[PDB]
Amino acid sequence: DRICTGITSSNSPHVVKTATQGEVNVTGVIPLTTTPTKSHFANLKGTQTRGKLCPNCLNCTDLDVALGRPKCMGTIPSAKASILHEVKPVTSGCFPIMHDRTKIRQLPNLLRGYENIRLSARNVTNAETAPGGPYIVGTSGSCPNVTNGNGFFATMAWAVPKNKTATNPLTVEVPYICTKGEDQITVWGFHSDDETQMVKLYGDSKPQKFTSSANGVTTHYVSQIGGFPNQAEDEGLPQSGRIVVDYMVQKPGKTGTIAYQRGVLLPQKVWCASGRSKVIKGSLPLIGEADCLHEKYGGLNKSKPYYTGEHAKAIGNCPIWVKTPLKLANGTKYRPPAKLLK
């Protein structure tokens, strides 16, 4: 009698990658792969997830909020994980801005970058005492104050001069003004209007030159007088003029320089920000809680160590992307059944 060692033969439809034996069929396998499927986003587990930059600051754009629109002046919750729903964020009211002429639209998302952002304890520069003639803090219809009347972005002052006379460029110095080693985000721009209204609001009807410097970054603009594009992302018909608005970014202890003439929107309430919230691109009516947020697959929770599919930015507790569906052998190599004996 002969007693021998043997191995099994059985259903071996699963194939595996080996170095020495090429690719082989195997009894069974533990898969390490999944393809996730597109779904709605969710609040990231061990954190808090940014929505409209300001919840509780209802019915407003992040851009609106950013710009310090009258009503939209609510308070910002800190988070360590932010989502970007607007690649091109919009304004939903207030004074007509010619958005597409400045990096401005991105301001909400720049802010989103940070863990902590705040409106401002104080305003940077004294609106009236500013270089140039004494200014009436221009107040504008079509930007309803809460009561009403003339509400103008806390962000900046509508610098209208008594003693209406043309100006040779002036320089305001926007200092640091932020607690801690916070990032300061300054904001500003210029109003310009039609021939007649120009002369009326400021004694001049001439294109106006504006130049800002901040940390070696310099920008120069020239105002427009007549024939402005249709107003959009606003309210109703002070079609008279438009605002060109920009942001300036100030690192801890750095100063800024705005040269200006007439139409100047001097900075006022100015963002202080600090810390780094992790940002991702997500289409967002946030629903529930997931382990992990995938730019594409969206809300997703961790089943297997890897996933296959479209690679993308993903934050949290995420499975690792992998080229191709991987499998771990949990069985033995296929062996054809034996009568190969005597």
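Numbers follow the displayed sequence, beginning with 1.
Higher mean CA B-factor, judged across 100-108 and 120-128 from the recorded values: 120-128. Higher mean CA temperature factor between 254-262 and 139-147: 139-147, per the PDB entry. The residue among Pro55, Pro31, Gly28, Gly309 whose C-alpha atom has the highest B-factor in the PDB entry is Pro55. Split the chain's modelled residues into thirds by C-alpha temperature factor. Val244 is in the lowest one. Ranked by Cα temperature factor within the chain, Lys278 sits in the middle third according to the deposited record.
Ranked by Cα temperature factor within the chain, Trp158 sits in the middle third according to the deposited record.
In the deposited entry, the Cα temperature factor of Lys45 places it in the highest third of its chain's modelled residues. In the PDB entry, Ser223 places in the lowest third of its chain by CA B-factor.
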